[PDB]
Each structure stands twice: as structure tokens, then as C-alpha cells.
There are 2 protein chains.
Amino acid sequence: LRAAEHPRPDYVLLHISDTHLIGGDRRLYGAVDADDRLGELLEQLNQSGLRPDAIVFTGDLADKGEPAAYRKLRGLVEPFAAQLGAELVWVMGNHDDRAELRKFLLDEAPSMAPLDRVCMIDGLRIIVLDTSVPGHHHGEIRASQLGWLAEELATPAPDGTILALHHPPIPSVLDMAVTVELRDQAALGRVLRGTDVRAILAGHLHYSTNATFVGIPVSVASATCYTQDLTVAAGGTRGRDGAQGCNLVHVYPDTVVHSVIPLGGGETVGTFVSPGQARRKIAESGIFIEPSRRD
Amino acid sequence: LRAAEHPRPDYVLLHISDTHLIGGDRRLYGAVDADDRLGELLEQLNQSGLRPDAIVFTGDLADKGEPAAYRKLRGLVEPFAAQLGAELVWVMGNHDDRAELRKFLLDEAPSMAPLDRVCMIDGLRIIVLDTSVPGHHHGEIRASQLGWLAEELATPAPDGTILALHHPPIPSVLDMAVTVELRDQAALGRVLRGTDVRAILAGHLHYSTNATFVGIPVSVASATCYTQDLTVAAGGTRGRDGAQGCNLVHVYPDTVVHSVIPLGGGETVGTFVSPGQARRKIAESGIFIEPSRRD
Ligand SMILES: Nc1ncnc2c1ncn2[C@@H]1O[C@H](COP(=O)(O)O)[C@@H](O)[C@H]1O
Ligand SMILES: Nc1ncnc2c1ncn2[C@@H]1O[C@H](COP(=O)(O)O)[C@@H](O)[C@H]1O
Ligand SMILES: [Fe+3]
Ligand SMILES: [Fe+3]
Ligand SMILES: [Mn+2]
Ligand SMILES: [Mn+2]
């Protein structure tokens, strides 16, 4: 048997974004049941047997920062995370309310301070940054937050660092996005350049997109509720009930892979290969996959 | 008015992959009309008003390398490219036949030599590499191809280089992919490291995914015909008639952005903003977008 080109990943994370839940049972913007769309995705991820180390939600958790929306989100997601054996990482978006999020999602005293946090998953550092501006929809990072971030990044983590935030430091293909983009990205760039940040996870755009920022890969997950139609007349914008999903993040020794998970379904094309059949076929092709260092 | 954080892009490319057309009118694998799926996408891209510099197809153009499939593909795509004012870049995949592709897609003498090519779009270099192995489905790059590639990359291009190939030098989240992955990626890595390659465009996986390879961003476009369901039981694989589309590539002065374009459609959620309305709203927000250097 010959080894495959890459080993199993060191870490696996789910990257979900822009859930936009509202209080009670009404359709988001009268057009899409955001609870249903998120619920369907979670159930599909659960049934797949995926066992991620962490689940990161990159902002716009509650469409109007409603306590009832946070309570509902927590009720859907906590049992999901527990069933998967995964740590849960929450991030502020422009639609969220810092105080209500703290109270109802985190069981923490209400505060209007930026939701900036750090944690470790074994040797992998996760930094949560709050790009939200209360009462506003564009992104900003205060001088104080940049100082805090620089101080945290003064030393590297063994498996490097994932930075999770809402407003991505990248260009958008949609013109309207500039009205509410992250401002003064140069200042963030000066802080991040040359640090151990291996991935920047973001949302806000409601489509799947990726780029680099000061040499660091940025990955924007699409939304669970509704997504931008990128076949819209050039210059315009149209959200639609379609193409929802999330992302999967695989951290390898030498690279980070981001993959788009659309909602499951659609009629089968080609041959379905069961996990057992796949194991047999791989062996029969004379290949084995080297186990994870964290196996 | 204040300038947006990023200018208009220097270059725009469409990145399409894995069309898998067959001769005649039958459904691909008896399950999906690949002509219809590709046709719908092309018509949507056409109607959007997008004007890309180039359209790059990263392999598996014809499902069984059929002359009739190449003739049909050319008949669909050439008028599309001409209407958009875009250059057309074709790439070999494992399903393609080098000789039939040359004859029927390129009007070139049949040859079984690797389809390795280079061209310029103004100051942007595009290198096409052939990772296919005749009679086989895994990827390989011959020593001779690596030597050719190193020699080409000995000097940089003004806007850097896009490398287009089929089998991506990245891990897959699907176990079965290892049986047909690109072999000996280390050898390619030694050639590419420290060169002006700004993006590696790839296909083969039939899902949207991205990573880095020796510090270079790799972007894998999903397929136009059928795509992998990433909610499949862990370890398994299931292709499905759903989530088809292509990618859009925006080359900026300082970064390259890849964006996923799913098939258009779905009911509108939120407010539709026309291009004219967007221009008005952006101005009213006190912002302008700096024009492209190639405007
Ligand atoms: N009228 C609008 N104003 C600002 N952003 C919009 C508008 N319509 C659509 N968008 C898009 O929606 C994204 C912000 O979504 P959200 O923060 O959920 O409201 C932006 O990045 C834009 O691409
Ligand atoms: N039996 C199989 N053998 C190899 N690859 C498979 C199989 N079933 C699904 N695939 C997937 O299909 C991709 C190759 O597609 P293609 O080159 O179009 O045949 C691989 O990267 C795998 O992820
Ligand atoms: Fe949002
Ligand atoms: Fe293919
Ligand atoms: Mn947002
Ligand atoms: Mn292929």
C-alpha cells in the first residue's frame, strides 16, 4: 500500500454564518423560514456522522438581536454541538446586539463592549473579533481592539491561529457591499501581517468567496437563511431562497482547506459509494490514508 | 465622497469546470442532462452582463472524449465567449482525450502530447498544465512537464500568473478522491514555490473548495453537470443533480478573489436592488469605487 498525498486533518471545524433567526414563527423578511433552513442543515450535518472539534458561527446570528431569537438559536445549536462533541464559538455580526447576545446566548452579564475573545482547542488558537458597530451596519475595528489583537498575536500557537469575524477584509463582487464593508482594512493588515494567523473565517456577504489579506487566506461562508444570486444583472443585488449551506474547515499540518457544504439532496448521479465500499475500493487501489496526528 | 476599500479589479475571469458533455442527446449517466445544466448557466451568465477577460474551463470537458461532445461544447461556448468579448482557455481532464480535444475543440493536428500551453492577457500570464494520464484517472505531471513549467516560471509576468489544471494539489474531504488524486505533489511544489503564481485554478472534485499549496492559493470550481453531496455519510460519496455552477475570479492589484456562482434562481428574499438603484444608494452613502487600472 502507498500513502495518499495528504494525511487526515489535525483539526476539523464547521464554519456556519448568517443564520438571521427572528423571535416567534414568522418568515424572515416574509420570504423564507430561517429556522427551517438552519434546522434542515443541522439535521443533515448530524446524520452525516461528522465529528468536528468546533463549530464557529461568524455573525448575524439574530436578524434583529432579539432575545427570543438567541434563546431559539441556543436551543437548536447547543444539543447539536453536544451530540457532535464539538466546542461552540459565537461571533458578532452587524444585525446582532452585544448585550442581548451576552445575556441569552452566553449567560453573561449584559455589556456593550466588543465581543472579542480567545480560546484554545489543544494547540490551535481561535480568536474571535467583533467588527460590528452598534447602531450601524458597516464594519470597524477600534484602535483598542487592534492593540489587543496585536498583543495576543505577539506569540504564535503550536497549530497557528484561526481568526473569526463577521465583516471580511476582502473585495466583494457586489457593488452594494461597499456601503457596509469593513472600513480601514489597512490598520488590521498592519497587525495581522507576518503573524501565525492561518485562516480568517468570515460571513456578511451571503455568498461563498475567498481571497487573501496581507498574505493570509480569508474564507467567507455563505448564509443558512438566504443567499446572494451572483447571476444578477451586473451592478445589482438580489437575495434568494436558494443555495444556502455552510463551510467545512480542515486544518492539516501544512495547509487549511475550506469546503462549501450546500444543503444536501438532489437525485443521485453516478454510483453511490457507501463508507464501507469506499474503504474496500481505496485498499483495492493500493492506497491508505495516514492517520491524524490527533487521532 | 470616500473611496471604497478596494478598487475595481484589474482582470475578471470565469472559471468553469467538469462539463462532462456526451455525444448525442442522452442524459449523462442516465441521470442528468449535462447540456441543459451547462446551457442554463451560460444563458444566466450572458444575461447578467458580465464582461470577463477570459473564460477558463479546468478539464473533464467531454465525459468520454467524444468528438461529437467536443463539437457540441465548441458550438455552445464559442458564441458565448464571442458575445462576452472573452478569450477562451481549455484545459485537459482525466475524462478528456488529448487527440480528439485537439482536433475538434482546437482545430489542431491530433497529438497525444500533454496539453501544456501558455498565453498572455495584457500583463497577466495564464499557464495551462495537463495533469491527465491517458488510460488512467489519477493525476501525474511528468518530469518533462515540470522542467517546462520551471523554465516558464523563471521570470515573472507584470500581473503575475494563473496556473490552470484539472487535478488540484490539495487534500479532499472525500475519501474516494485519494484513488484518483494528483500524485507526487511534492515535485510540483518544488517548482511552484516562490514563483509569481497568484492562483491555481482546478476542478476534478465536483465541489467548491480552496486551500493553499506551497503558499499559493488553490481554487477548485465545482461542476456544471452534477456535484458531490457533502452531507453524505462520512467516508462515503454521492454525486447529485444539484448545486451546479461555476466560479468567478477577480484579479486585484494586491489579491485574487474567487467567488462561487451557483445556478441562478430561487424566490427573492429581501429587497431587489437594480444596478441604477445601487449606483444611487452607493453615492447617497458617500462612497465611490475607484476605477480599474485597465478601465
Ligand atoms: N440595501 C443594502 N444595503 C447594504 N447591503 C446590502 C443591501 N442589499 C443587499 N446587501 C448585501 O447584504 C450584505 C449585508 O447583509 P446583512 O449584514 O445580513 O444585512 C452586504 O454585504 C450586501 O452585499
Ligand atoms: N468510484 C470512484 N472512483 C474515483 N472517484 C470517485 C468515485 N466516485 C466518486 N468519485 C469522485 O469523483 C471525482 C472524480 O470525478 P471524475 O474525474 O469526473 O470521474 C473524484 O475526485 C472523487 O471525489
Ligand atoms: Fe447577514
Ligand atoms: Fe469531472
Ligand atoms: Mn452582516
Ligand atoms: Mn476529473
# chains A, B, ... in the order shown; residues from 1 in each chain; ligands from 1
>>> residues_around(residues="residue 28 in chain B", least_positions_apart="3", cutoff="9 Å", atoms="only C-alpha atoms", output="list in words")
residues 269 and 270 of chain A; 20, 21, 22, 31, 32, 33, 34, 35, 63 and 225 of chain B
>>> write_last_selection(atoms="N, CA and C atoms", output="compact mmCIF listing (two decimals), in the first residue's frame")
# COMPACT_ATOMS: atom_id res chain seq x y z
N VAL A 269 -26.56 11.03 -9.02
CA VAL A 269 -25.93 10.93 -10.35
C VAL A 269 -24.66 10.12 -10.18
N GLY A 270 -24.52 9.09 -11.01
CA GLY A 270 -23.41 8.15 -10.90
C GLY A 270 -23.70 7.16 -9.78
N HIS B 20 -18.50 17.62 -18.65
CA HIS B 20 -18.84 16.21 -18.90
C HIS B 20 -19.90 16.01 -19.99
N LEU B 21 -19.78 16.72 -21.11
CA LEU B 21 -20.75 16.55 -22.19
C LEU B 21 -20.53 15.20 -22.89
N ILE B 22 -21.62 14.63 -23.40
CA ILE B 22 -21.54 13.41 -24.20
C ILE B 22 -22.11 13.65 -25.59
N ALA B 31 -28.87 10.14 -15.83
CA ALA B 31 -29.41 10.82 -14.65
C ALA B 31 -29.56 12.34 -14.75
N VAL B 32 -28.72 13.00 -15.54
CA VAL B 32 -28.78 14.47 -15.63
C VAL B 32 -28.47 14.92 -17.05
N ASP B 33 -29.25 15.88 -17.55
CA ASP B 33 -28.95 16.43 -18.86
C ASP B 33 -27.84 17.48 -18.73
N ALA B 34 -26.61 17.05 -19.01
CA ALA B 34 -25.44 17.92 -18.83
C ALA B 34 -25.44 19.12 -19.78
N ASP B 35 -26.01 18.94 -20.97
CA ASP B 35 -26.18 20.03 -21.93
C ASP B 35 -27.09 21.11 -21.35
N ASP B 63 -17.20 13.87 -21.32
CA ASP B 63 -17.20 12.75 -20.38
C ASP B 63 -16.45 11.50 -20.86
N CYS B 225 -22.29 19.91 -14.31
CA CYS B 225 -23.17 18.78 -14.61
C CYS B 225 -23.85 18.18 -13.36
>>> interface_residues(of="chain B", to="chain A", cutoff="6 Å", atoms="only C-alpha atoms", output="VMD selection string")
chain B and resid 6 29 31 44 to 45 48 to 49 171 208 to 212 229 to 242 255 to 261 264 266 to 270 272 to 275
>>> residues_near_ligand(ligand="ligand 3", cutoff="10 Å", atoms="only C-alpha atoms and all ligand atoms", output="short mmCIF file (atom, residue, chain, number, x, y, z; two decimals) with C-alpha atoms, in the first residue's frame")
data_model
loop_
_atom_site.label_atom_id
_atom_site.label_comp_id
_atom_site.auth_asym_id
_atom_site.auth_seq_id
_atom_site.Cartn_x
_atom_site.Cartn_y
_atom_site.Cartn_z
CA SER A 17 -22.77 32.01 9.24
CA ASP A 18 -25.61 34.47 8.91
CA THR A 19 -28.43 32.44 10.47
CA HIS A 20 -30.62 35.59 10.88
CA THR A 58 -19.36 34.04 12.00
CA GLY A 59 -22.07 36.56 12.95
CA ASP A 60 -25.59 37.84 12.15
CA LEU A 61 -26.94 35.17 14.46
CA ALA A 62 -30.21 37.01 15.22
CA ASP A 63 -31.66 39.22 12.48
CA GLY A 93 -22.45 40.42 13.21
CA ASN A 94 -23.96 43.83 12.38
CA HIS A 95 -27.52 42.52 12.98
CA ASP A 96 -26.68 41.21 16.45
CA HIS A 137 -24.08 48.05 9.55
CA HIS A 166 -18.09 38.98 10.55
CA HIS A 167 -17.09 41.68 8.01
CA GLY A 203 -19.53 35.93 6.77
CA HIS A 204 -21.59 39.05 5.94
CA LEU A 205 -21.59 38.63 2.14
CA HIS A 206 -24.20 35.81 1.93
CA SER A 222 -22.40 31.78 2.68
CA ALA A 223 -25.60 32.06 4.77
CA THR A 224 -28.02 29.45 6.14
CA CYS A 225 -31.08 31.64 5.58
CA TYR A 226 -30.87 33.15 2.06
CA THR A 227 -28.00 33.85 -0.35
#
>>> atom_distance(atom1="CA of residue 292 in chain A", atom2="CA of residue 160 in chain A")
16.7 Å
>>> closest_residue(among="B:154, B:14, B:92, B:69", to="ligand 4", atoms="only C-alpha atoms and all ligand atoms")
B:92
>>> select_by_dssp(residues="range 32-253 of chain B", states="alpha helix (DSSP H)", output="VMD selection string")
chain B and resid 34 to 48 67 to 84 98 to 106 143 to 152 185 to 192
>>> write_last_selection(atoms="C-alpha atoms", output="tab-separated table (two decimals), in the first residue's frame")
chain	number	residue	atom	x	y	z
B	34	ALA	CA	-25.44	17.92	-18.83
B	35	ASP	CA	-26.18	20.03	-21.93
B	36	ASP	CA	-29.18	21.60	-20.18
B	37	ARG	CA	-27.28	22.35	-16.98
B	38	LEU	CA	-24.37	23.98	-18.84
B	39	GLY	CA	-26.74	25.81	-21.21
B	40	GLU	CA	-28.79	27.23	-18.34
B	41	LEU	CA	-25.63	28.52	-16.62
B	42	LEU	CA	-24.24	30.08	-19.81
B	43	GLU	CA	-27.55	31.83	-20.54
B	44	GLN	CA	-27.67	33.20	-16.97
B	45	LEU	CA	-24.07	34.46	-17.20
B	46	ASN	CA	-24.85	36.01	-20.58
B	47	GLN	CA	-27.96	37.79	-19.26
B	48	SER	CA	-26.07	39.16	-16.22
B	67	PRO	CA	-15.64	14.12	-30.99
B	68	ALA	CA	-19.43	14.84	-31.02
B	69	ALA	CA	-19.19	16.13	-27.42
B	70	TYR	CA	-16.29	18.46	-28.32
B	71	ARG	CA	-18.16	19.76	-31.39
B	72	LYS	CA	-21.23	20.44	-29.23
B	73	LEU	CA	-19.19	22.07	-26.47
B	74	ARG	CA	-17.48	24.33	-29.02
B	75	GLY	CA	-20.88	25.22	-30.55
B	76	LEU	CA	-22.29	26.24	-27.16
B	77	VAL	CA	-19.23	28.00	-25.76
B	78	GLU	CA	-17.57	29.85	-28.66
B	79	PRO	CA	-20.62	32.09	-29.36
B	80	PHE	CA	-20.91	32.67	-25.58
B	81	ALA	CA	-17.23	33.74	-25.39
B	82	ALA	CA	-17.56	35.93	-28.50
B	83	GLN	CA	-20.70	37.65	-27.11
B	84	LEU	CA	-18.82	38.38	-23.86
B	98	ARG	CA	-5.89	14.73	-25.96
B	99	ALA	CA	-6.11	13.87	-29.67
B	100	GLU	CA	-9.88	14.36	-30.05
B	101	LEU	CA	-9.76	17.58	-27.99
B	102	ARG	CA	-7.02	18.95	-30.28
B	103	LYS	CA	-8.91	18.02	-33.46
B	104	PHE	CA	-12.44	19.04	-32.53
B	105	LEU	CA	-12.04	21.77	-29.93
B	106	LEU	CA	-8.80	23.40	-31.17
B	143	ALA	CA	9.40	15.27	-15.20
B	144	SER	CA	9.49	16.91	-18.66
B	145	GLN	CA	6.38	18.98	-17.88
B	146	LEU	CA	7.88	20.08	-14.55
B	147	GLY	CA	11.06	21.19	-16.36
B	148	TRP	CA	9.00	23.13	-18.92
B	149	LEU	CA	6.97	24.75	-16.14
B	150	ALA	CA	10.09	25.74	-14.15
B	151	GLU	CA	11.63	27.30	-17.26
B	152	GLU	CA	8.46	29.29	-17.98
B	185	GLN	CA	2.63	16.87	-5.42
B	186	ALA	CA	5.98	17.46	-3.69
B	187	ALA	CA	7.68	17.66	-7.13
B	188	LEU	CA	5.19	20.29	-8.34
B	189	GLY	CA	5.63	22.17	-5.03
B	190	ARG	CA	9.40	22.45	-5.54
B	191	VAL	CA	8.76	24.08	-8.94
B	192	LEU	CA	5.99	26.47	-7.85
>>> closest_residue(among="B:290, B:130, B:87, B:159", to="ligand 6", atoms="only C-alpha atoms and all ligand atoms")
B:130
>>> select_by_dssp(residues="range 85-213 of chain B", states="strand (DSSP E or B)", output="ChimeraX atom specification")
/B:87-90,117-121,124-128,139,161-164,182,197-202,209-213
>>> residues_around(residues="residue 118 in chain B", least_positions_apart="3", cutoff="8 Å", atoms="only C-alpha atoms", output="PyMOL selection string")
chain B and resi 125-128
>>> atom_distance(atom1="CA of residue 293 in chain A", atom2="CA of residue 88 in chain A")
22.4 Å
>>> decode(residues="range 192-294 of chain B", atoms="C-alpha atoms", output="short mmCIF file (atom, residue, chain, number, x, y, z; two decimals), in the first residue's frame")
data_model
loop_
_atom_site.label_atom_id
_atom_site.label_comp_id
_atom_site.auth_asym_id
_atom_site.auth_seq_id
_atom_site.Cartn_x
_atom_site.Cartn_y
_atom_site.Cartn_z
CA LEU B 192 5.99 26.47 -7.85
CA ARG B 193 7.38 27.68 -4.51
CA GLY B 194 8.44 31.35 -4.61
CA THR B 195 7.25 31.97 -8.21
CA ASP B 196 4.72 34.61 -9.39
CA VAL B 197 1.84 32.10 -9.43
CA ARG B 198 -1.03 34.01 -7.74
CA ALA B 199 -3.78 31.40 -8.19
CA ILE B 200 -4.06 27.75 -9.12
CA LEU B 201 -7.41 27.07 -10.80
CA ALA B 202 -8.58 23.47 -10.69
CA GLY B 203 -11.58 21.12 -10.95
CA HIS B 204 -11.90 17.31 -10.62
CA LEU B 205 -13.53 17.27 -7.16
CA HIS B 206 -17.07 18.34 -8.24
CA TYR B 207 -17.47 20.51 -5.11
CA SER B 208 -16.32 24.04 -4.21
CA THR B 209 -13.11 24.03 -2.21
CA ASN B 210 -9.96 26.05 -1.67
CA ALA B 211 -6.64 25.82 0.17
CA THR B 212 -3.02 26.78 -0.29
CA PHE B 213 -0.23 24.78 -1.87
CA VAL B 214 3.35 25.83 -1.05
CA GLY B 215 1.86 29.21 -0.09
CA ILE B 216 -0.13 29.65 -3.31
CA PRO B 217 -3.95 29.85 -3.19
CA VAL B 218 -5.68 26.93 -4.92
CA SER B 219 -9.30 27.36 -6.02
CA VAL B 220 -11.36 24.34 -7.11
CA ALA B 221 -14.52 25.15 -9.03
CA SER B 222 -17.44 22.77 -8.69
CA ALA B 223 -19.01 21.12 -11.78
CA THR B 224 -21.70 22.27 -14.22
CA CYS B 225 -23.17 18.78 -14.61
CA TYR B 226 -23.55 17.22 -11.12
CA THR B 227 -21.86 17.83 -7.76
CA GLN B 228 -20.78 15.93 -4.67
CA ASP B 229 -23.18 15.94 -1.72
CA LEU B 230 -21.05 16.92 1.28
CA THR B 231 -23.78 15.79 3.70
CA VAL B 232 -23.11 12.18 2.64
CA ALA B 233 -22.39 9.61 5.38
CA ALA B 234 -18.78 10.26 6.49
CA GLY B 235 -16.34 8.17 4.42
CA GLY B 236 -18.78 7.77 1.51
CA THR B 237 -19.53 9.61 -1.74
CA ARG B 238 -22.71 10.56 -3.60
CA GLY B 239 -22.97 12.71 -6.72
CA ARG B 240 -26.25 14.58 -7.18
CA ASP B 241 -28.28 16.69 -9.57
CA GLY B 242 -27.98 19.86 -7.53
CA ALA B 243 -25.65 22.70 -6.53
CA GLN B 244 -24.11 23.05 -10.01
CA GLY B 245 -22.49 26.33 -11.06
CA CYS B 246 -19.09 27.84 -11.74
CA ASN B 247 -16.65 30.35 -10.20
CA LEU B 248 -15.81 33.99 -10.83
CA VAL B 249 -12.20 35.16 -10.47
CA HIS B 250 -11.35 38.82 -9.78
CA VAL B 251 -7.68 39.77 -10.01
CA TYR B 252 -6.96 42.91 -7.94
CA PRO B 253 -3.62 44.73 -7.53
CA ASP B 254 -2.97 43.03 -4.17
CA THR B 255 -5.19 39.93 -4.04
CA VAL B 256 -7.18 37.40 -6.06
CA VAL B 257 -10.83 36.81 -5.15
CA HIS B 258 -12.65 33.59 -6.04
CA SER B 259 -16.44 33.53 -5.78
CA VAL B 260 -18.90 30.68 -6.21
CA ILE B 261 -21.73 31.26 -8.72
CA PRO B 262 -24.49 28.69 -8.17
CA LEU B 263 -27.18 28.39 -10.79
CA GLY B 264 -29.39 31.49 -10.62
CA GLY B 265 -32.91 31.42 -9.28
CA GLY B 266 -34.87 30.91 -6.11
CA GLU B 267 -37.56 33.26 -4.85
CA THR B 268 -36.43 36.77 -3.89
CA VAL B 269 -35.63 37.39 -0.21
CA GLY B 270 -35.29 40.99 0.94
CA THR B 271 -35.30 43.92 -1.49
CA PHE B 272 -34.08 43.56 -5.09
CA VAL B 273 -31.68 46.41 -5.90
CA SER B 274 -31.35 47.27 -9.61
CA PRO B 275 -27.94 48.42 -10.95
CA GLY B 276 -29.28 52.00 -11.27
CA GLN B 277 -30.68 51.96 -7.73
CA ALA B 278 -27.38 50.59 -6.41
CA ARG B 279 -25.41 53.42 -8.04
CA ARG B 280 -27.73 55.94 -6.39
CA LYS B 281 -27.57 54.22 -2.95
CA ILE B 282 -23.76 53.98 -3.00
CA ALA B 283 -23.45 57.71 -3.80
CA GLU B 284 -26.03 58.51 -1.08
CA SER B 285 -23.87 56.55 1.39
CA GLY B 286 -20.99 58.91 0.46
CA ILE B 287 -18.85 56.28 -1.29
CA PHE B 288 -17.32 55.78 -4.73
CA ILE B 289 -15.48 52.76 -6.17
CA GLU B 290 -12.07 53.57 -7.69
CA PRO B 291 -11.92 52.52 -11.36
CA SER B 292 -9.85 49.61 -12.65
CA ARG B 293 -6.31 50.26 -13.85
CA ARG B 294 -7.44 48.52 -17.07
#
